[PDB]
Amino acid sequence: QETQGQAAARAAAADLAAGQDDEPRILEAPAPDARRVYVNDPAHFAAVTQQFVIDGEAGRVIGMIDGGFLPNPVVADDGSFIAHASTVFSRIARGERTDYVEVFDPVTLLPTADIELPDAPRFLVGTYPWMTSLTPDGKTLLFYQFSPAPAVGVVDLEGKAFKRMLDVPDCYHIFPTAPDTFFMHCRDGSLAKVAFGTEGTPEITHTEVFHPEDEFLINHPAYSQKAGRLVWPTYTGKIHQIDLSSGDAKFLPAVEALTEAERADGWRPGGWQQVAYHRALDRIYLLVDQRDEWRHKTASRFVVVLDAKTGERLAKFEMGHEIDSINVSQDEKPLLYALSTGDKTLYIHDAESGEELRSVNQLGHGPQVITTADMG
């Protein structure tokens, strides 16, 4: 029941009473672990933004990272580093644009690489986790470009240099599967495999169309690079699962997150990060609520949990708050993270019981994106 602030007050009183000296210094964040959670605040399109580095178990902010206009955060699964692609201007929001990649040490938070992206090539959009992506080996960062056309930038983090833009078809999002390979979702309804050697035009293969034109796949699918699992829900909560572990796309049996009776009762997924995927447990988590069909970006008060293999519901939680985004830790007995944009608060739940354990408030102006490293 003793809060972190109270324990700190007693320790400081004990130090003063015992005459214990200590040097004012710059703290190091604790070593990255399974329970570390990052919360990004795109700040409702503000020119500058903030990332919050949080200890999930303590419910404590252990560090922060400044960003520019709608940055894309990435977190290496092995915990070795974090990074973002960011955007600044020479006069706040006006003048010369500089797009750039920064890599940070994950305990000092110090920038270890600052890589300028030529010709201001970043896609400026409400933050989608998979618009910027690390390759599994972590030596390459891939970012999406919309203007003048869909394109994918190759950033070498090892050599700390921009390499080139890749011409792609009318496709969206970046799901890396190998050092030289990533998948995209295309307007025509297919996925595009993009294989890029160190030189030339990439080899682009399409799969067969896997969803009809009238079936809308959300902007925030879950992707486990280590499982090669792409979990893509539709506006109705229908869930597409694609296995990419063999290096090619294999379409798993489609599953419904809601029942037909619930769908008729107006139950629909809604929010920002509406889906989480736990790799070890092979488990899908979805933000749902009762809502009109075009209120798809509003907060949801419920989470449903289903077996990815069979699509049986394992649980349904009443979250107790207006939740926009969810994610989970990738350790055993995982935490369920429930982020409220409206409350600016990360709510930390036990993923098994759905019970609220603790919370971290005051997370910016409009926090939206939760990132966890898969370290196991």
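Numbers for residues come from their place in the sequence shown, where the first is 1. Under this definition, the rigid core comprises the largest set of C-alpha atoms superposing within 1.5 Å between the forms.
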item: Greatest C-alpha divergence in 9 other deposited structures of this protein once each structure is fitted on the rigid core, 192-200 or 273-281; value: 192-200
item: Stretch with the greater mean C-alpha B-factor as recorded in the entry, comparing 106-114 against 275-283; value: 275-283
item: Residue range whose averaged C-alpha B-factor is higher in the record, 45-53 or 311-319; value: 311-319
item: Top residue by Cα temperature factor, when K238, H84, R122, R97 are compared in the entry; value: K238
item: Member of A93, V75, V209, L141 with the greatest C-alpha B factor (per the PDB record); value: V209
item: CA B-factor placement of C171, once the chain's modelled residues are sorted into thirds; value: middle
item: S359 - Cα temperature factor, lowest/middle/highest third of chain; value: middle
item: Record-listed C-alpha B factor of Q145: chain third; value: lowest
item: Third of the chain, ranked by Cα B-factor, where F251 sits; value: highest
item: Among modelled residues of the same chain, the CA temperature factor third for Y128; value: lowest
